[PDB]
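Here is the structure we will look at, set down as structure tokens.
What is reported rests on the model, the rules as stated and the sources as named; no laboratory instrument gave them. Methodologically, a virtual Cβ is constructed for each residue, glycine included, from the backbone with ideal geometry; neighbour enumeration extends over all protein chains shown.
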Amino acid sequence: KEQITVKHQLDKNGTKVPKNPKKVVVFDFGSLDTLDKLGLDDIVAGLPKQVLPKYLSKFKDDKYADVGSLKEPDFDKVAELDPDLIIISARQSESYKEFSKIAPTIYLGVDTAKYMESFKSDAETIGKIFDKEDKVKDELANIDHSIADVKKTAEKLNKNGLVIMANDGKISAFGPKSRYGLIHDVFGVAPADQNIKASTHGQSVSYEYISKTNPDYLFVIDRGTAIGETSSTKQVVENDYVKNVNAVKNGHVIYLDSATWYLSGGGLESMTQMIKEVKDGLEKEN
């Protein structure tokens, strides 16, 4: 069977994978949605179905094996499927060795310090494996065009933005190079606070922090909503304390699709969606 050498984060010298694999187990939802965009649903053997973003609900179909959750893979079930390729990302990073004993495994997570570089590389890798290089090239081109358009819109406004995630009432902030840094790094929104320490969990902040930052646009992700726990966005954004924040009083709170933003991202479909949510937010009147 014809093989292709795939350089990835967890083996920069390259992992041999079969060309046109037929039984792929996918633990990265971005990668899953790239496969979907390329019309490759048929070769997905399994994915973790514990929680699925709405745009991926089709994958509840029993033709796809449930291999657990993003943080708790059902390794025996993965092995049972006799997969010919496994795709993982950051949440399974430490289990690379375990997955590799089952089948060739590649890591396709975005590097938020180098978002577009890693995004394009991941997509192109999928293109090469499944003989969809031209389709990927064209899709990346359209995405670049959409990104240029949102960036132009963001820069026209002369306004800034703060990105926060709510989690059972606790708030954390995300700036450049962070998990949700792309809103600034890629989409061009000026950061209301350049100095937020980049991380995956975000910088813990208070309501007083939102007030002192006074962002013109407020991008909100709700971790609770994403994972099926209680939402806590309204207690934050409709709190009396921040009623005078620009984003709040001017109606520029942008409620992102939390499930997609938290559980997914980094794929052709999720990126397309994410651009449009930001663009729509930035284009709203008032």
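List the residue pairs whose Cβ atoms are under 6 Å apart, where the first residue sits in segment 93-113 and is surrounded by fewer than 21 Cβ atoms within 10 Å (Cβ to Cβ), the second is small (G, A, S), and the two are 6 or more positions apart or on different chains.
Here the result reads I102/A79; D111/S118, each pair linking segment 93-113 to a residue that is small (G, A, S).
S264 - would you say it is under 19 Å from the mean Cα position of the chain (by Cα), within 23 Å of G188 (Cα to Cα) and crowded, with 22+ Cβ neighbours inside 10 Å?
Criteria met by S264.
For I164, only one of the following conditions fails: (1) surrounded by 18 or more Cβ atoms within 10 Å (Cβ to Cβ); (2) among the hydrophobic types (A, V, I, L, M, F, W, C); (3) not in a strand (DSSP E or B). What is its number?
Every listed condition holds for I164 apart from (3).
Scanning segment 55-92 for residues that are in contact with a strand residue (DSSP E or B) (Cβ under 7 Å, 6 or more places away or on another chain), of a type outside the set (D, E, K, R) and over 18 Å from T15 (Cβ atoms), which turns out surrounded by the most Cβ atoms within 10 Å (Cβ to Cβ)?
Only one residue fits best here, namely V67.
Quick one: how many residues across segment 22-49 are in a helix (DSSP H, G or I) and of a type in the set (A, V, I, L, M)?
Number of matching residues: 3.
Mind listing whichever residues of segment 160-200 are at negative phi, touching a helix residue (DSSP H, G or I) at 6+ places or on another chain (Cβ under 8 Å) and not hydrophobic (A, V, I, L, M, F, W, C)?
The answer is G161, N167, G175, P176, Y180, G181, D185, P191, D193, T200.
Of everything in segment 114-128, what is of a type in the set (D, E) and touching a residue at least 12 places away in the same chain (Cβ under 8 Å)? Give them in sequence order.
Hits for segment 114-128 are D122, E124.
Just checking, which of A173, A190, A166 is touching a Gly at 6+ places or on another chain (Cβ under 6 Å), among the aliphatic types (A, V, I, L, M) and outside the structural domain of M271 (by CATH)? Reasoning before the result, please.
Details: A190 fails: touching a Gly at 6+ places or on another chain (Cβ under 6 Å); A166 fails: touching a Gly at 6+ places or on another chain (Cβ under 6 Å).
Being touching a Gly at 6+ places or on another chain (Cβ under 6 Å), among the aliphatic types (A, V, I, L, M) and outside the structural domain of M271 (by CATH) holds for just one of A173, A190, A166, which is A173.
Please specify each residue of segment 13-40 satisfying the condition of being touching a residue at least 12 places away in the same chain (Cβ under 8 Å) and over 23 Å from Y262 (Cβ atoms).
First pass over segment 13-40, keeping only residues touching a residue at least 12 places away in the same chain (Cβ under 8 Å): 15-38, 40.
Answer for segment 13-40, where residues must be touching a residue at least 12 places away in the same chain (Cβ under 8 Å) and over 23 Å from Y262 (Cβ atoms): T15, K16, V17, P18, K19, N20, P21, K22, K23, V24, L38, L40.
Within segment 235-249, work out how many residues are touching a helix residue (DSSP H, G or I) at 6+ places or on another chain (Cβ under 8 Å) and closer than 13 Å to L162 by Cα.
Adding up the residues that qualify gives 3.
Could you list, in sequence order, the residues of segment 201-231 that are farther than 26 Å from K156 by Cα and either in contact with a helix residue (DSSP H, G or I) (Cβ under 6 Å, 6 or more places away or on another chain) or of a type in the set (K, R) (or both)?
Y207, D222, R223, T225, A226, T230, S231
Which residues, taken from segment 171-204, are in contact (Cβ under 8 Å) with a residue 60 or more places away in the chain, outside any loop (DSSP other than H, G, I, E, B) and surrounded by fewer than 24 Cβ atoms within 10 Å (Cβ to Cβ)?
Passing the criteria: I171, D185.
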